[PDB]
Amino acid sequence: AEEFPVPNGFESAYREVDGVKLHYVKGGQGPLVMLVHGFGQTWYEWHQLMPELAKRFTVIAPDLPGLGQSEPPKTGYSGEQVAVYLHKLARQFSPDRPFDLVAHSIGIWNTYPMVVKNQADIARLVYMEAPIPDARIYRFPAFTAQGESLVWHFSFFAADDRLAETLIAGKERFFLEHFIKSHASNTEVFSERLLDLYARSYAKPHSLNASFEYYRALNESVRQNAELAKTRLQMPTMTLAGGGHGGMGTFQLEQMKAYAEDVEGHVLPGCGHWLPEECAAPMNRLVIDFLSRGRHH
């Protein structure tokens, strides 16, 4: 019983990677593009981009370990540990060619280590809407002159005593609606039905826990990344960020400039955090154009 509708011409499937059963949706022909979702979401956030990309690329969108229909990681939730699963999953499908990688939100946290450690395996890199975990995240404000800040949820979710799971259980739909909308410019794109689907998925007890375990591991990821970042990324890279309420703005490119030699960035006015949903048309266009300046049947 699929959690989300699969686009025509795509298949929902599973692969075991290091003893962990990962779910993914795959379609298209050509060089591989892997699309990695973030918090509060699943592979489905890419469902609009996928059919367009599948015109020129083989497209795979996995569920992060513990989220959607993927099993929890058997190692842990730090960036380096999760990155191994996504890397080996990608290699099962693109053993002989480098693949492209597109990541959003915590998808960035869970891919950066495998990108920096396997540069030859990565053709092109698109990162949108989330800091690479590093010391910069310690600068975001707890509170603003206009109300709640952008990332006070880092503390909420990282807190022990299962704080987040305990408070949110039974209110998963309620919390996710508030969180999505507080980080959105365009809230209308999030129908009652869309919110129901996302809320139902992450409300699975193991998925609600997984959601926050990514955050409880964030400081470890920061420490891991302090070593990894000694090696600059050398592949062509694009960043995207929303310019509206909820978005990262100029931060995305400014940070990436410290990690990547070859990088370009766009800020999308009128869009918040949830680029694939709030600003599907322009986001899709920028991604496709960026990736299509390489190999693609």
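All residue numbers are counted from 1 along the displayed sequence.
- For the pair 102-110 and 178-186, the mean B factor over Cα atoms is greater in 178-186.
- Look at the mean CA B-factor for 270-278 and for 17-25 in the entry; the higher one is 17-25.
- Highest CA B-factor among 59, 248, 258, 36, as stated in the entry: 258.
- For the set 48, 231, 41, 252, the PDB entry assigns the largest Cα B-factor to 231.
- Per the PDB record, residue ranking by Cα B-factor puts residue 79 in the middle third of the chain.
- Placement of the Cα temperature factor of residue 133 within the chain: lowest third of the modelled residues, per the deposited record.
- Among all modelled residues in this chain, the alpha-carbon of residue 214 has a temperature factor (C-alpha) in the lowest third.
- Annotation for residue 52: CA B-factor lies in the highest third of the chain's modelled residues.
- Ranked by C-alpha B-factor against the other modelled residues of its chain, residue 244 falls in the lowest third.
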